[PDB]
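Naming convention: chains lettered A, B, ... in sequence-line order (proteins, then strands); numbering from 1 in each chain.
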Amino acid sequence: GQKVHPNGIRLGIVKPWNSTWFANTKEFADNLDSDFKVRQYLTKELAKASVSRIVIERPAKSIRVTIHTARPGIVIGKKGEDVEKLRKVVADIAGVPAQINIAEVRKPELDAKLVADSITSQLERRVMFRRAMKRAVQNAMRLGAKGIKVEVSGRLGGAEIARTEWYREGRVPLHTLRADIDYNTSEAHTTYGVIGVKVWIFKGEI
RNA sequence: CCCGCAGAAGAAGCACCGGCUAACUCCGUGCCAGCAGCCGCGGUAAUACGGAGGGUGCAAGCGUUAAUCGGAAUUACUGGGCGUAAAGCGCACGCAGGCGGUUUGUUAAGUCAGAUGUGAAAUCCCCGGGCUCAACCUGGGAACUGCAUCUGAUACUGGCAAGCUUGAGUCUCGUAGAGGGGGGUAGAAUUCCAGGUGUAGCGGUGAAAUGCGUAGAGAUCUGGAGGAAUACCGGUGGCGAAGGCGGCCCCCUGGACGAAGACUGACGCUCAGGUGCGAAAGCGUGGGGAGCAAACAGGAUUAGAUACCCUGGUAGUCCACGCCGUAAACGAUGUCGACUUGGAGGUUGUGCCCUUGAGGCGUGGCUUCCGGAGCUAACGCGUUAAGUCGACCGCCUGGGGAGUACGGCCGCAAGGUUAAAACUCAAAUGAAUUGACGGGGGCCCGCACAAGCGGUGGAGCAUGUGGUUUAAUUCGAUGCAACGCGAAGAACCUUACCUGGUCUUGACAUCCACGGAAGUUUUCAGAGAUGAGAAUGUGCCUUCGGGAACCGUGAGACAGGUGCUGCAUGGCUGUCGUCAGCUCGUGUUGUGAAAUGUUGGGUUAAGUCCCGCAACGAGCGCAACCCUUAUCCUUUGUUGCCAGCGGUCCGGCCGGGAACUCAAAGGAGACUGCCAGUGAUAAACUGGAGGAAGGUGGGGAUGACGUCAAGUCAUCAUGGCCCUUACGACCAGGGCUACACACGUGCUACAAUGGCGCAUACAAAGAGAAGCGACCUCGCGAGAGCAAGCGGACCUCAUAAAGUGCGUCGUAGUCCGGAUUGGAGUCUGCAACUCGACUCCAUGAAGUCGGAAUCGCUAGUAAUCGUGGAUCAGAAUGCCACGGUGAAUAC
RNA sequence: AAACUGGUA
RNA sequence: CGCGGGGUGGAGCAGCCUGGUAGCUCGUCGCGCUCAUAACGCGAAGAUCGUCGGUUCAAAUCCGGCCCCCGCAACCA
Ligand SMILES: [Mg+2]
Ligand SMILES: [Mg+2]
Ligand SMILES: [Mg+2]
Ligand SMILES: [Mg+2]
Ligand SMILES: [Mg+2]
Ligand SMILES: [Mg+2]
Ligand SMILES: [Mg+2]
Ligand SMILES: [Mg+2]
Ligand SMILES: [Mg+2]
Ligand SMILES: [Mg+2]
Ligand SMILES: [Mg+2]
Ligand SMILES: [Mg+2]
Ligand SMILES: [Mg+2]
Ligand SMILES: [Mg+2]
Ligand SMILES: [Mg+2]
Ligand SMILES: [Mg+2]
Ligand SMILES: [Mg+2]
Ligand SMILES: [Mg+2]
Ligand SMILES: [Mg+2]
Ligand SMILES: [Mg+2]
Ligand SMILES: [Mg+2]
Ligand SMILES: [Mg+2]
Ligand SMILES: [Mg+2]
Ligand SMILES: [Mg+2]
Ligand SMILES: [Mg+2]
Ligand SMILES: [Mg+2]
Ligand SMILES: [Mg+2]
Ligand SMILES: [Mg+2]
Ligand SMILES: [Mg+2]
Ligand SMILES: [Mg+2]
Ligand SMILES: [Mg+2]
Ligand SMILES: [Mg+2]
Ligand SMILES: [Mg+2]
Ligand SMILES: [Mg+2]
Ligand SMILES: [Mg+2]
Ligand SMILES: [Mg+2]
Ligand SMILES: [Mg+2]
Ligand SMILES: [Mg+2]
Ligand SMILES: [Mg+2]
Ligand SMILES: [Mg+2]
Ligand SMILES: [Mg+2]
Ligand SMILES: [Mg+2]
Ligand SMILES: [Mg+2]
Ligand SMILES: [Mg+2]
Ligand SMILES: [Mg+2]
Ligand SMILES: [Mg+2]
Ligand SMILES: [Mg+2]
Ligand SMILES: [Mg+2]
Ligand SMILES: [Mg+2]
Ligand SMILES: [Mg+2]
Ligand SMILES: [Mg+2]
Ligand SMILES: [Mg+2]
Ligand SMILES: [Mg+2]
């Protein structure tokens, strides 16, 4: 969209990076490739756990990953057995010793990545978008959001021509760098094509 | 009709499924075939066409066609309309006809009441009865709404008789008026004729020409002829039935209004047919004809102009007598009568009064505007109704055909009046709302214009595109918003495209079987891919039948597609446009679409802010938070720096120090903040002080709701379709670099503000490990050998050019200008021929400032001068980025 | 001063 | 042998008492203007003076022949 990405324009203001590792030009590209590969693998296996965001850092010659989820039971289960296999496989793919950590994020409905997935999941199960999206809105504000905005684009309802529909409630100042906006997207693969979902959540002014 | 035998045995189809209207999916087709009562579907994803499955409706029937009523209040008696949707005759007078104030009597026609007679049967309806129920048949009743006769009622209508005055009318006294017909006369001005002075133009247009004038125009003065109209007064003035009627005077004559008083006594309203009047144009006869002006002539404009414009000009316009009878003949509103809140004016009468006044209080006629209830689709009308009623008349029944054809009547003619049908469409139309647009208006902004500088379009060259050709010249992108664009690097690869040579579970993922360590070395053929051999090697885990890393062969599921659809899409992007706007809640207004807010008075770069207000609040957007830059302060002080001191090959280089530049972390500061003035006292504006920085200080990032079915299926993903012994995969070469032309964006020049030689100044920002590559040696050179240092304030790329100090050229195709071309070289790379970059020697085209046209820029801007970076083995005049010098003009 | 026009669905 | 004027580029044209670089209207090929077309503007190609002989720096303008067209005469086939 012609609007600059909120999660990219505030990286140096109120949005920490999802990767905090340092490296020279000799291995910067290799580190990027490893990070992308591990993220792509992990997000597929942990689809049920509803991972919000995955942060990766470089301890003293090793790989450390921290995944924030609202359903730590699936990834933890009994003892650390379900995380041991994930640790060993991520270490295998990264080529260096790995350490994975689980973080709990309560009130999942207030998370952008998560709210979207909900929507997309629903749509994929032939649910009326209009209402899928309206609940998302209400849910959130109930929880306390100072604002929320939802948008869905594509062949809504299997129509012959694509259409975009959005709902905005509360206050969502996109030009205020002081404010923090949790922005995220998500896609769906329905029999009629691909439907894009896009959610902004405004939590505070600073 | 009843009984007996046997046996589910002999018995279900038609229409429809997009909305109306009950009932949905797939496949085929691709604006074709076809469907269709109306709206309308079908131009590769059809619930509308064809088939299948499923479903809905009806059923021995179902559907289509034909016809009547209904719906249709769409001929409106019950029960419609005519200001603007169709529809008030141009106006008036009036016969027939319709209707008609009030008091009594009489009649009993209309009217109403009762009775009698009649209104065939069948049929319709109510209660019953019989066919096995029903249809069907049948008993009784009701109805048969009507008609006639007789007997009564007398409120209303009608008739007859007799009255009344409020409707209508006559008489007396006055008033205003472009009311009408005839005659007379006056002033101004235009034209023309005669004469006087005078002399080169006049006249007309946007600008011209035609035209008039030296045979004397135009201008000016004197005299005369003739035609037409009456300048102000003159007005939201007047008169007239309408059309219509303006100088002044006379004669004849119509209507209206006011004062009371008297008189008649319903004598009234309306009006088919009929009669009369009736703008302008037009016609007939006879006059007149100054101006104006159809037709016509010429000159202009134009692509054309038998038009708009200009110069002339006939009919006509004028008069008398006749005819024509039509107009947006409009108030788009028929006449008459009654009732219904007001306000402000004009014109014309009249009554009472302290009458002092150009004054107070009343009562009539006509007339203009605004508005209440009411009405109206709305606009609007509103005591002069389009409000509530009554009497009569005229007219309307979708649009076009058509106010047309035929017939009749009228006219000298032109034509007028009355007035159809066939056929064709699903609309035509009225009021109002939102938006857009206007060769409408107002206000405001932007390098929009203007004022300036420098350019492009001319020449050479670089690059992209179109076109053409080619084996291929891969595919995209196309006004602004494509054309140095995807592409931040086409000699192989890249690379899909062309020609050849090869493969078919494959180059790549995954399941299975068998064999085989991987890998390292060479050889035959061949352009290579490729086949075809010899070698070497035969190791980890190893449950001792094998796995994990990996290689070869084979079968089938598959893998694969830069193949199509950006008009199925996600994601991403361009533009209007960094313009200030775009919206939502409740509230209120309107039948409604919608309006309000959001408009108005100020102000701002801003829907920025203040005041007002039928609105009160909020959201996106603007500003502000962010980065950079300009001043100062705290900390820190090397690889950076050197003020005060010292030893100083007298170099910040070596003791040392940290003041300062500087480097990077944290703070201060600028906020219309302090004052003056202006301004509705508010917002705000102008100026001043202080201050490095005065008015969001300069610059960047930041791009609202939406438009362009804008771009991308090729970055990637993805619905549908297609290929899969080829549209997939491998290799050699070629091509994307062609070239009779055109266009876009740039570089280098046409020189003296310069070129060349010597000397010699002053910068910032970046990269560096298959990398940057000092110094030294060789070479006139691109470069080669040696090769330290440096993963970085250290070393290298890397001595910035413009600039300034001297000398030469002295205005030319030149000591400017460099393309082209020949010879000889340097360097990346398996590979420089198609097709790279750089260097040395030689030749030295075009070009001497560039048409129509067109582009950027308002301050460190433009202008011009250097340096770096990405892409990248080797490549820039392109892209990104840093600094030096440094303007002109904005009324 | 001049200043036309815009295939069909 | 028939009274006059003529013959410039694809077409129509200017140079006459003035024998001095071939120019101007419409056509062809370009460019500009416009969203696009027409209109309009700026440009380029295009030549023995119809064809020959005397005269002459010179060219229908000074002349003399040849060929073609037109006013009429041109009969009329
Ligand atoms: Mg239905
Ligand atoms: Mg189909
Ligand atoms: Mg009816
Ligand atoms: Mg009606
Ligand atoms: Mg009338
Ligand atoms: Mg009458
Ligand atoms: Mg009566
Ligand atoms: Mg009677
Ligand atoms: Mg019975
Ligand atoms: Mg019976
Ligand atoms: Mg009967
Ligand atoms: Mg009576
Ligand atoms: Mg009288
Ligand atoms: Mg009549
Ligand atoms: Mg007349
Ligand atoms: Mg006449
Ligand atoms: Mg006459
Ligand atoms: Mg005229
Ligand atoms: Mg008429
Ligand atoms: Mg009139
Ligand atoms: Mg009128
Ligand atoms: Mg009328
Ligand atoms: Mg009114
Ligand atoms: Mg007629
Ligand atoms: Mg007739
Ligand atoms: Mg500016
Ligand atoms: Mg200018
Ligand atoms: Mg050029
Ligand atoms: Mg394609
Ligand atoms: Mg192309
Ligand atoms: Mg194309
Ligand atoms: Mg290639
Ligand atoms: Mg598109
Ligand atoms: Mg309402
Ligand atoms: Mg608005
Ligand atoms: Mg509004
Ligand atoms: Mg305002
Ligand atoms: Mg605001
Ligand atoms: Mg010293
Ligand atoms: Mg100041
Ligand atoms: Mg901003
Ligand atoms: Mg942007
Ligand atoms: Mg398109
Ligand atoms: Mg396209
Ligand atoms: Mg090849
Ligand atoms: Mg190319
Ligand atoms: Mg030189
Ligand atoms: Mg480099
Ligand atoms: Mg560095
Ligand atoms: Mg040379
Ligand atoms: Mg020169
Ligand atoms: Mg390179
Ligand atoms: Mg036309």
Quick one: look up who [N] pairs with, Watson-Crick or G-U, both distances under 3.5 Å, and put none if it's unpaired.
{"N": "B:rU814", "result": "none"}
{"N": "B:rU350", "result": "B:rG362"}
{"N": "B:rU598", "result": "none"}
{"N": "B:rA831", "result": "none"}
{"N": "D:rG19", "result": "none"}
{"N": "B:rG407", "result": "B:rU418"}
{"N": "D:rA14", "result": "none"}
{"N": "B:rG537", "result": "none"}

Between [N] and [M], is there Watson-Crick or G-U wobble pairing, both distances under 3.5 Å?
{"N": "B:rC267", "M": "B:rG167", "answer": "yes"}
{"N": "B:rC14", "M": "B:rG57", "answer": "yes"}
{"N": "B:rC671", "M": "B:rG694", "answer": "yes"}
{"N": "B:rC381", "M": "B:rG374", "answer": "yes"}
{"N": "B:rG61", "M": "B:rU285", "answer": "no"}
{"N": "B:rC558", "M": "B:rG169", "answer": "no"}
{"N": "B:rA709", "M": "B:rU341", "answer": "no"}
{"N": "B:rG284", "M": "B:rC321", "answer": "yes"}
{"N": "C:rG6", "M": "D:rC35", "answer": "yes"}
{"N": "B:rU575", "M": "B:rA241", "answer": "no"}

Start with the C-alpha distance between A:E104 and A:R71, add both sets of side-chain angles, then the distance that settles salt bridge (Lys or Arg N to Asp or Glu O under 4.0 Å), and finish with yes or no.
CA-CA 8 Å; A:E104 177 41 83; A:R71 288 156 50 64; over 6 Å; no
Using the [atom1] atom in both, what is the distance from [N] to [M], to the nearest Å?
{"N": "B:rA845", "M": "B:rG869", "atom1": "P", "value": "38 Å"}
{"N": "D:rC40", "M": "B:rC736", "atom1": "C1'", "value": "43 Å"}
{"N": "B:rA290", "M": "B:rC192", "atom1": "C1'", "value": "9 Å"}

Can you check whether A:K149 has a side-chain N or O nearer than 4.0 Å to OP1 or OP2 of B:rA704?
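For B:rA704, neither OP1 nor OP2 has a side-chain N or O of A:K149 closer than 4.0 Å.
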OP1, OP2 of B:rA770 versus side-chain N and O of A:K26: anything below 4.0 Å?
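It does, given that an N or O in the side chain of A:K26 lies less than 4.0 Å from OP1 or OP2 of B:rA770.
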Apply side chain to side chain donor-acceptor pair (under 3.5 Å) to the pair A:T66 and A:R53, showing each step before the final yes or no.
CA-CA 9 Å; A:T66 291; A:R53 88 211 213 270; over 6 Å; no
Separation of B:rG571 P from A:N184 CG (nearest whole Å)
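To the nearest whole Å, that distance equals 13 Å.
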Report the distance from atom CD of A:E205 to atom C1' of B:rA624, rounded to the nearest whole Å.
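About 13 Å, once rounded to whole Å.
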Anti or syn, where syn is a glycosidic angle within 90° of 0; which label fits B:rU672?
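Syn, angle within 90° of zero.
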Looking at the angle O4'-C1'-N9-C4 for a purine or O4'-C1'-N1-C2 for a pyrimidine, is B:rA451 syn or anti, with syn meaning within 90° of 0?
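For B:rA451, whose glycosidic angle is more than 90° from 0, the conformation is anti.
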Using the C1'-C2'-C3'-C4' torsion, classify the pucker of B:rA870 as north or south, with positive meaning north.
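On the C3'-endo side: north.
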For A:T176, which contact category applies under a 4.0 Å heavy-atom criterion: base, sugar-phosphate, or nothing?
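If one applies the 4.0 Å heavy-atom cut-off, A:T176 turns out to touch a base.
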Under a 4.0 Å threshold between the charged nitrogen and the carboxylate oxygen, would A:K78 count as salt-bridged to A:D82?
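Salt bridge between A:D82 and A:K78, a charged N being under 4.0 Å from a carboxylate O: yes.
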Working for side-chain contact (heavy atoms from CB on, under 4.5 Å), residues A:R58 and A:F22:
CA-CA 7 Å; A:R58 254 53 194 208; A:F22 185 94; over 6 Å; no
Check whether the six-membered base rings of B:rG647 and B:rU648 have centres under 5.5 Å apart and planes under 30 degrees from each other.
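The answer is yes; the two bases are stacked.
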Please answer whether the main-chain N or O of A:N7 pairs with a side-chain N or O of A:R10 as donor and acceptor at a distance below 3.5 Å.
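No.
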Of all the heavy-atom pairs spanning A:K15 and A:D182, show the shortest one and how long it is.
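Scanning both residues completely, I find the closest heavy atoms to be NZ-N, 3.8 Å.
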